[PDB]
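Letters go in sequence order (proteins before strands), and every chain restarts at 1. Computed from heavy atoms alone, side chains included, the values below leave out hydrogens, waters and symmetry copies.
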Amino acid sequence: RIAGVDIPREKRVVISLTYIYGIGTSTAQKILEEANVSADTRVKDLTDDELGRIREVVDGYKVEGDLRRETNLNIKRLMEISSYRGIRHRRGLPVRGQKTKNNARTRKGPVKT
Amino acid sequence: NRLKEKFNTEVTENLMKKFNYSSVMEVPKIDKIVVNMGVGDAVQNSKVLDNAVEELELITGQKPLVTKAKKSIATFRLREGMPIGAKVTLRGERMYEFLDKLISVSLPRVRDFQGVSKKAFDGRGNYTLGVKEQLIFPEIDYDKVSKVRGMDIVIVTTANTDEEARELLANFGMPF
Amino acid sequence: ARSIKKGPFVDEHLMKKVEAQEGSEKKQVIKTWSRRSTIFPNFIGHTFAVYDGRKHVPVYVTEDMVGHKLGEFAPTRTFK
Amino acid sequence: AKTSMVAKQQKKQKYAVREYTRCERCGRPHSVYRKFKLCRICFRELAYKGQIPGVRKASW
Amino acid sequence: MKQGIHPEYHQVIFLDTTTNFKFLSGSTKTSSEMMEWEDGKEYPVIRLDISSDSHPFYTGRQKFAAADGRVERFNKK
RNA sequence: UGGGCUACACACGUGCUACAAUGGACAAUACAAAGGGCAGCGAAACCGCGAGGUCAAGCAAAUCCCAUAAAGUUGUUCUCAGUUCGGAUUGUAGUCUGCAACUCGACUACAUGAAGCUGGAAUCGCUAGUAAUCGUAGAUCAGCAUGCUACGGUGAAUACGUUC
Ligand SMILES: [Zn+2]
């Protein structure tokens, strides 16, 4: 349990740390190298000092709920300023200049024939 | 009661000297402040009115009175007695606190603010200010605002003339 | 342009028109076709009538609008 | 192509990125080869006439 | 007033951070932070981005951008 | 000059990417062919994790460069899980071209990590260096290719027969 979130017990530490929101593979490797810990050692077979060092490194990366709040604040700011990206966020359409005549399902939801 | 102290000390003297009152009892004072929100769409969704009442209560500090239709209107699909508004009356310390807050914390938060109408006087020394976004007020978080709606703030004063109401409000700090 | 090594782009005519009458507090609306001009802090509090293709949409500049283009606030297509 | 358009292509452009190629024989804007300054149609016609040095039908 | 119907109401110090200007008045915002006031009693503080002494229309002067803002990051760029 | 041609409740054709263990990730190490290069191909070196930036050799070509091919082979790891699959979606921060990437470019770093767990009726290509897979190059072109046109690497299955 790191950053208030449980991580798979039987998964290697490097992979299991990716389950933390805001932690991917690159940041997981970087954290693991900063807080010296075997790459292949599973979290279940881990030492309390290693866990404490990992927590110490993680706490300052600005992950999880803080990251979510920052992203939501950015999205809300661009919605509020009445930007083009904000209008597209409100309408649930692609924001990064895709074509909506086809292949916009991940933004427009399921097909409504 | 900073605003009340200001009125007792500076505004009283300034206004009395300006208007040549033979007695202090003629000095106008702010009798009350009535914050009204007319929710016509409560006809279609009472929940709108409930949220509006909650927001007004948070703004003012006291439960508002729910105002109901005085008469039935076919065009509005309005039946007599249906709650279609909320109102709060503020007097004394609560009034003064709300007034200074409205002048200092709330009003400047208006986008592209350029002052409030100087002609918005009923003609007898009472001033009505139509705010257009509840988000102006600091007590409301835009996250919880399901809809944005305006308010009417009626400052009812004992002044007999719009000139004296303007002088009193300006001394208090109303932009124009 | 976009690259940091180059300064944020803005039309010289637009920038000089904004700078003109800076001291006076009776700032007026500035007609502009430059949808591509970036919004500098100098633009805060100004009104730009930005051409969107057929008409000049008025745009009021605030602090949160700094760093974006003037075209991002004058939509070009109409839907529903 | 339009004569005015050909003229506007010949004239100097205030931009430099604003320069585009047109077939110099007919004026077609699309499918113009750089080596010949010809569109595919004119290239085919002149290759048939044998007036493009060293250009012949290919096969393999 | 009647008991149990009105929302909880208490004194708060609104603080315009731009000018670090403090004003005391009642409200229901109820910020955790507490700051001392000239009267011996402490009351909580409500942070405020823009106030009467800081809004350009009230003040007659151009407003000053705050730290960590869009303008600050743009100038840092 | 600016905006359409890039819209978006929808239906269809053609493709790219996948749904995984005949695989994913990591490190090491081989084997092609065919084209392009003048204000164009930009070697080595230094800087940045990165796309890229500074200096800059050679080269108007069997000489130099683009340009280290990938699949593959050998070792470690995952162990059948919507996952170490898959990469759409969007936040922030960069690079490059262009007077200018908002509408409306490509790519890069970090995070986010949707559907999808071999697809109903139906329907398509192909008889051999063919199909299928793997990359490579070029025309247009400042920049922009999952399209088009060529190149090679590995390399199948089946054809009884003319009833429909
Ligand atoms: Zn031609």
Looking at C10(F), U79(F), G94(F), which one has an atom nearest to any side-chain atom of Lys108(A)? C10(F)

What's the closest nucleotide to the side chain of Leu67(A) if the choices are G91(F), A111(F), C141(F)? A111(F)

Can you figure out which of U112(F), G98(F), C104(F) approaches the side chain of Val17(D) most closely? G98(F)

Hunt down the Watson-Crick or G-U wobble partner of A27(F), both distances under 3.5 Å, from any strand shown, or write none. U74(F)

In the strands shown, is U79(F) matched to any nucleotide by a Watson-Crick or G-U wobble pair with both distances under 3.5 Å, and which? none

Indicate syn or anti for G4(F), taking the glycosidic torsion and treating anything within 90° of 0 as syn. syn

Give none if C124(F) has no partner; otherwise give the nucleotide forming a Watson-Crick or G-U wobble pair with it, both distances under 3.5 Å. none

With a 4.0 Å limit, can you tell me whether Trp33(C) has a side-chain N or O closer than that to the phosphate oxygens OP1/OP2 of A100(F)? no

Quick note, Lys11(A) side chain, CB onward, closest among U83(F), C102(F), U90(F) is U83(F)

Nearest to the side chain of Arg36(C) - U84(F), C96(F), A100(F)? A100(F)

Measuring to OP1 and OP2 of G91(F), would you say a side-chain N or O of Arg96(A) lies under 4.0 angstrom away? yes

Using atom P of each nucleotide, how far apart are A9(F) and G138(F) to the nearest Å? 41 Å

If you compare every side-chain N and O of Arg77(C) against the phosphate oxygens of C104(F) (OP1, OP2), does one of them come in below 4.0 Å? yes

Who does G58(F) pair with, Watson-Crick or G-U, both distances under 3.5 Å? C41(F)

Name each donor-acceptor pair under 3.5 Å that joins a side chain in residues 13-31 of chain C to protein atoms two or more places apart or in another chain, with its distance.
| from | atom 1 | to | atom 2 | distance (Å) |
| --- | --- | --- | --- | --- |
| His13(C) | NE2 | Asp11(C) | OD2 | 2.7 |
| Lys17(C) | NZ | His13(C) | O | 3.4 |
| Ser24(C) | OG | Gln21(C) | O | 2.9 |

Does OP1 or OP2 of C26(F) have a side-chain N or O of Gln29(A) closer than 4.0 Å? no

Which part of the nucleic acid does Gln98(A) contact within heavy-atom distance under 4.0 Å: base, sugar-phosphate only, or nothing? sugar-phosphate

Applying the 3.5 Å cut-off to both distances, the Watson-Crick or G-U partner of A132(F) turns out to be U154(F)

Would you indicate what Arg107(A) reaches in the nucleic acid, counting non-hydrogen atoms under 4.0 angstrom: base, sugar-phosphate, or nothing? sugar-phosphate

So which one's nearest nucleotide on RNA chain F is more toward 5', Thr106(A) or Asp52(C)? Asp52(C)

Taking syn as within 90° of 0 and anti otherwise, name the glycosidic form of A159(F). anti

Going by purine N1 to pyrimidine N3 plus the second Watson-Crick contact, or the G-U wobble pair, all under 3.5 Å, which nucleotide sits opposite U84(F)? none

Scan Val32(D) against the nucleic acid and name what it touches under 4.0 Å (heavy atoms): base, sugar-phosphate only, or nothing. sugar-phosphate

Out of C141(F), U90(F), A101(F), which nucleotide sits closest to the side chain of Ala1(C)? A101(F)

When we call it a touch if two heavy atoms are under 4.0 Å apart, what does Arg77(A) touch: a base, just sugar-phosphate, or nothing? sugar-phosphate

Expressed as a whole number of Å, how far does the P atom of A30(F) sit from that of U74(F)? 16 Å

Tell me what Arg18(D) touches on the nucleic acid: a base, only sugar-phosphate, or nothing, going by heavy atoms under 4.0 Å. sugar-phosphate

Mind checking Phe79(C) for me? I need base, sugar-phosphate or nothing, with any heavy atom below 4.0 Å counting as a touch. sugar-phosphate

Closest nucleotide among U89(F), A7(F), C8(F) to the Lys99(A) side chain: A7(F)

Pair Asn103(A), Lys101(A): side-chain N/O donor-acceptor within cut-off below 3.5 Å: no

Under the side chain to side chain contact (heavy atoms under 4.5 Å, CB included) rule, collect the residues that match up with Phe113(B), sequence neighbours excluded. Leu107(B), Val110(B), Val116(B), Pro175(B), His55(E), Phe57(E), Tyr58(E)

Measuring from the side chain of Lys14(D) (C-beta onward, heavy atoms only), which nucleotide among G94(F), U1(F), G91(F) has the closest atom? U1(F)

Looking across every strand, which nucleic acid part, if any, lies under 4.0 Å from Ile23(A) by heavy atom: base, sugar-phosphate, or nothing? sugar-phosphate

Pairing donors with acceptors under 3.5 angstrom, does anything connect the side chains of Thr78(C) and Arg54(C)? yes

Short side-chain N/O contact to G94(F) OP1/OP2 from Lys77(E), under 4.0 Å: yes

Let's see if you can work this out: which of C102(F), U89(F), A100(F) has an atom nearest to the side-chain heavy atoms of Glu72(C)? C102(F)

With syn meaning chi within 90° of zero and anything else anti, the base of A106(F) is anti

Contact class for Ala74(C) (heavy atom, under 4.0 Å): base, sugar-phosphate, or nothing? nothing

With a 4.0 Å cut-off on heavy atoms, is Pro75(C) in touch with a base, just the backbone sugar-phosphate, or nothing at all? nothing

Hey, does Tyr33(D) reach any base, or is it just sugar-phosphate, or nothing, if we go heavy atoms under 4.0 Å? sugar-phosphate

Provide a list of protein-nucleic acid N or O atom pairs under 3.5 angstrom, restricted to nucleotides 11-17 of chain F.
| from | atom 1 | to | atom 2 | distance (Å) |
| --- | --- | --- | --- | --- |
| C12(F) | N4 | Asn102(A) | OD1 | 3.2 |

With a 4.0 Å cut-off on heavy atoms, is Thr76(C) in touch with a base, just the backbone sugar-phosphate, or nothing at all? base

Please confirm whether the shortest side-chain N or O distance from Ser31(D) to OP1 or OP2 of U140(F) is below 4.0 Å. no

Can you figure out which of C102(F), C99(F), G91(F) approaches the side chain of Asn74(A) most closely? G91(F)

Decide yes or no for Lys63(E) and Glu63(C): does some side-chain heavy atom of the first lie under 4.5 Å from some side-chain heavy atom of the second? yes

Reckon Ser37(C) touches a base, only the sugar-phosphate, or nothing at all at heavy-atom distances under 4.0 Å? nothing

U84(F) phosphate, OP1 or OP2: any side-chain N/O from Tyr19(A) under 4.0 angstrom? yes

Atom pair CE (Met37(B)) and CG (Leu56(B)), whose distance is rounded to the nearest 0.5 Å: 4.5 Å

Within the supplied structure, the quantity of interest is the number of heavy atoms (other residues, nucleotides, ligands) at a distance under 6.0 Å from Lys2(D) NZ; does it exceed 12? no

Is a donor-acceptor pair below 3.5 Å formed from side chain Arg2(C) to base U95(F), judging by atom type as modelled? yes

Think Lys5(C) has a side-chain N or O under 4.0 angstrom from the OP1 or OP2 of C96(F)? yes

For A111(F) and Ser26(A) - does any side-chain N or O of the residue sit under 4.0 Å from the phosphate oxygens OP1/OP2? yes

Who pairs with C107(F) - Watson-Crick or G-U, where each distance is under 3.5 Å: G94(F)

Earlier contact from the 5' end, RNA chain F, for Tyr20(D) and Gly53(C): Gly53(C)

Is any side-chain N or O of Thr21(D) closer than 4.0 Å to OP1 or OP2 of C141(F)? yes

Have a look at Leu73(A) and say if it touches a base, only the backbone sugar-phosphate, or nothing, with a 4.0 Å heavy-atom cut-off. nothing

Counting any heavy atom closer than 4.0 Å, what does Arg73(E) reach on the DNA or RNA strands: base, sugar-phosphate only, or nothing? nothing

Please determine whether a side-chain nitrogen or oxygen atom of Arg85(A) lies at a distance below 4.0 Å from atom OP1 or OP2 of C102(F). no

For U92(F), does OP1 or OP2 lie under 4.0 Å from any side-chain N or O of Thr71(A)? no

Using Watson-Crick or G-U wobble geometry with both distances below 3.5 Å, tell me the partner of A137(F), or none. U149(F)

Just wondering, do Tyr15(D) and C99(F) stack (centres under 5.5 Å, planes under 30°)? yes

